Structure formats: structure tokens, C-alpha cells
Amino acid sequence: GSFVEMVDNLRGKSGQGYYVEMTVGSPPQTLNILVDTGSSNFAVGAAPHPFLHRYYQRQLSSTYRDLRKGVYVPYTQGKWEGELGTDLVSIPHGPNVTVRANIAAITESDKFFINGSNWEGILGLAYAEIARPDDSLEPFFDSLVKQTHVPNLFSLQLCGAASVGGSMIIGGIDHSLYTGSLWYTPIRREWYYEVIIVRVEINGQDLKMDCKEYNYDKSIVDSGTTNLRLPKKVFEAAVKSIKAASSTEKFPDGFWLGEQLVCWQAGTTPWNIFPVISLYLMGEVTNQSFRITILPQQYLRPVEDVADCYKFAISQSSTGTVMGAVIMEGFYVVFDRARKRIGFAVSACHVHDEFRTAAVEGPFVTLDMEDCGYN
Ligand SMILES: CC#C[C@@]1(c2cc(NC(=O)c3ccc(C#N)cn3)ccc2F)CCOC(N)=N1
């Protein structure tokens, strides 16, 4: 109910993600680690990459154990490769416990770390299924729950903007971080945090799409992604409707594609011309759904580094819907692993104005929600 030690344990810069402090090895080596619900490895920088403030030094730890196994993780942009081991892991502003966890010691990477950022590793909070190299590599949170009496649950309050903050409550919920009620959507399958979107509204106007399109080929909740990413077909329909609703002002085609910024004189941004975005999610009960609603304050991201400018952070995807920071910053989100469900509630810290607020509302009646999931 109240975990005062863990409130405000997240830091970050706008655009660079949310990180928590962790210690690895004996004696403890302090590192800043990206909180990532879209991956399942605990992967830390372990060599002196010039971009990194700090890195894991295995030679300094008496509790380090080599698994004698390498891992190689490519993607379209670049890669990371590491050496698998285990060591003792602790979270200073988390539960008072010490865990033997898997660590991928990153020894070479490309386009992985961010130049100028204050984190040097990633905490993959998703499930074993998508761990590299395979599901035999037990994820951190699985190790934490197996080795301690920490409840099988964590919650995230990501507070948007140059210095963002928030809370990762590990093993529970802090009721001060949200208003109103939590509403829960089932975790469809334990790999990513997969969920089912059953309906999409732009300013109350239904997009009227076959709800299967909203989840093609999956919908996930991902704190390790900035944007609200929408399947191509859905993105297309959504921007068409956002354009119509905001047609009072015109903007270049590049703005809606994230290829270009738009700027207003300081303090004059016309939030009111931009529509709210509502996602209905599958509820706990047969034929029952609920709705989450975000403002332009979530999807128009301030860009400080130019030479009041904003980027459109709803973008097209071929990996399905990703509910990134654009969604999560509106809400306190409860990753209730024990009950295979994810809870949403209005965040006590979300950015809004005097006219509109982020919202979690229900119940609604939605039929054939099971047909919305992709096979
Ligand atoms: C292993 C791993 C991983 C990644 C991954 C994520 C990131 N995140 C970020 O830089 C980031 C995160 C949040 C916000 C925000 N707000 C801004 N920036 C960087 C490198 C990665 F390889 C792969 C792509 O997707 C996810 N989920 N995890």
C-alpha cells in the first residue's frame, strides 16, 4: 500500500528513458539501469565504451560466476553482444534484498547505448520466452521472486516532462501514485507484456476498424520505447482522424511522420486543437472492457535540443502496437504478474491542463474481444 523508500527511485532525461539505481557484485558496483518492460535480459555495459559513465567490472567482484556462454543480439539498426554470468544484485531504493541474477556482460555494441545518457545497462522486466539466447536464461524478476518473499508484482509511474522522474514499486502498489481506480487488462501471454486492444477512439470518434488490426501482430506495454507505435493500417486511419480534428491549423506531411518538428511561441501551444486518444482494452470479465485516454501533452514530445518545439510521437509499426512512454506517462501501471494482468489508473503526476485530463474509465460492453487477438 505504501513503499516510501521506492517512491521517486526513477530518473531520466526527456527522450532517453527511465532508469533505476542498481548494484552488482561484491563489493557492490553502482550502475544506472534502464527500466524496460519490452525485453527480458539484464544486460550491462562491461567494457569502457566512451559513451558510458560507469561499467560492470567482473574482475572486481568475488561473487561473480562465469556461465562460459556468449550471447549475440542483432537488430536492423545495430547489435549488442555479451558474455553470460551470474552475480549478486541489489536495488538500493527497492526491497532490502540481494539476489543471484543472470547478467549479460556487454563487451561490444552498436547503436545500443545513447551518447549523452546517464544509464549503462537495461533491466528487462518481461518474461523468459523472449530472453536471449533462449528461455533457459532466467530473467531478473523471476530470480527475485524465486529467491525472496517479494510479491510477484511491480508497478511503474513514469512522470513526463529536461529531467523526468517516477517510481518503480517492486513487490507492490503505492496508492498515492494514482487517483480513481485501477482497471485490469489480462496479460494474453507471458512473453512480452501482451494485451488486447478492442477499440480505438480519436476524440470520442471510433476508428471503426476490424479490432484485429489493432493487435496485428501483437499489442505490448513497453517502458523501453518512447512512442505509441501503431500497426501501419491503424496509424494511417488514426493520423487521418487526428488531422481532421486539428484542421484549424495545418502542418507539413513530415510532422505526422515524425520527420519534422513544429514550433509555437513559448507558452502558447494550442493543446485544445489536438484530440484525445482512447484505447479500449479487454477487461477481466466476459464482454467487459475499459478505456484509457491520453492527451496531446503525452503524444507531442517537447524537443529541447534545437538550433517551444515538439515531435509527433505516434508512429507506424510492423511489430504491432507498442504502448510506450507516450501511453505509460498518462498512467500508473501495475504489472500484476501473479494474477496475469496489467492494471491502469490515472497517474497523480501526468502532464495535463485545466480543460482535460488523462482518464481510465469503465465498465464498457464490448463483444467478441477474443477475436481481436492475432493468431
Ligand atoms: C535489451 C533491449 C532492448 C530494447 C532497447 C530499448 C532502448 N530504450 C531506449 O533507449 C529508450 C527507452 C525509453 C524511452 C523513453 N521514454 C526512451 N528511450 C534502447 C536500446 C534497446 F536495445 C530493444 C528495443 O525495445 C525495448 N523495449 N528494449
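This chain uses plain numbering: 1 for the first residue, then up along the sequence. As the structure lists them, so they are numbered: ligands from 1, and atoms in each ligand from 1.
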Given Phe42, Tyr18, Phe112, which has its nearest heavy atom closest to atom 19 (C) of ligand 1?
-> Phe112

Any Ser223 heavy atom less than 4.0 Å from ligand 1 = yes

Residue portion contacting ligand 1 (non-hydrogen atoms closer than 4.0 Å) for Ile114 = side chain

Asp110 bridged to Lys79 by N-O distance under 4.0 Å = no

Under the side-chain contact (heavy atoms from CB on, under 4.5 Å) rule, collect the residues that match up with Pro186, sequence neighbours excluded.
-> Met282

So, are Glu259 and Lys311 salt-bridged, with charged N and O less than 4.0 Å apart?
-> no

Which one of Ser39, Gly38, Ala104, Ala161 has a non-hydrogen atom at the shortest distance from atom 1 (C) of ligand 1?
-> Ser39

For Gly15, take its heavy atoms, then give the atoms of ligand 1 lying under 4.0 Å from any of them.
-> 17 (C), 18 (N)

Could you say whether the N/O atoms of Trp119 and ligand 1 ever approach to under 3.5 Å?
-> no

Please could you name the atoms of ligand 1 that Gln16 approaches to less than 4.0 Å, counting only its heavy atoms?
-> 17 (C), 18 (N)

Atom indices of ligand 1, in the order listed, that fall short of 4.0 Å to a heavy atom of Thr225 | 12 (C), 13 (C)

Give a yes/no on ligand 1: does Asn41 have at least one heavy atom closer than 4.0 angstrom to it?
-> no

Using a strict cut-off of less than 4.0 Å between a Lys/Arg side-chain nitrogen and an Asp/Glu carboxylate oxygen, indicate whether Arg199 and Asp206 qualify as a salt bridge.
-> yes

Carboxylate-amine/guanidinium contact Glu194 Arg189, below 4.0 Å = no

Enumerated ligand 1 atoms positioned under 4.0 Å from heavy atoms of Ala325 = 16 (N)

Between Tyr193 and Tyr127, is the gap from one ring center to the other below 6.0 Å?
-> yes

Considering the heavy atoms of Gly224, write down every atom of ligand 1 situated less than 4.0 Å from one of them.
-> 6 (C), 7 (C), 8 (N), 9 (C), 11 (C), 12 (C), 13 (C), 25 (O), 26 (C), 27 (N)

Does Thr37 reach the main-chain N or O of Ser223 with its side chain, forming a donor-acceptor pair under 3.5 Å?
-> yes

Numbered in order shown, the ligand 1 atoms found under 4.0 Å of a heavy atom of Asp36 are 2 (C), 3 (C), 4 (C), 26 (C), 27 (N), 28 (N)

Is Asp142 paired with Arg337 through a side-chain N to carboxylate O contact shorter than 4.0 Å?
-> yes

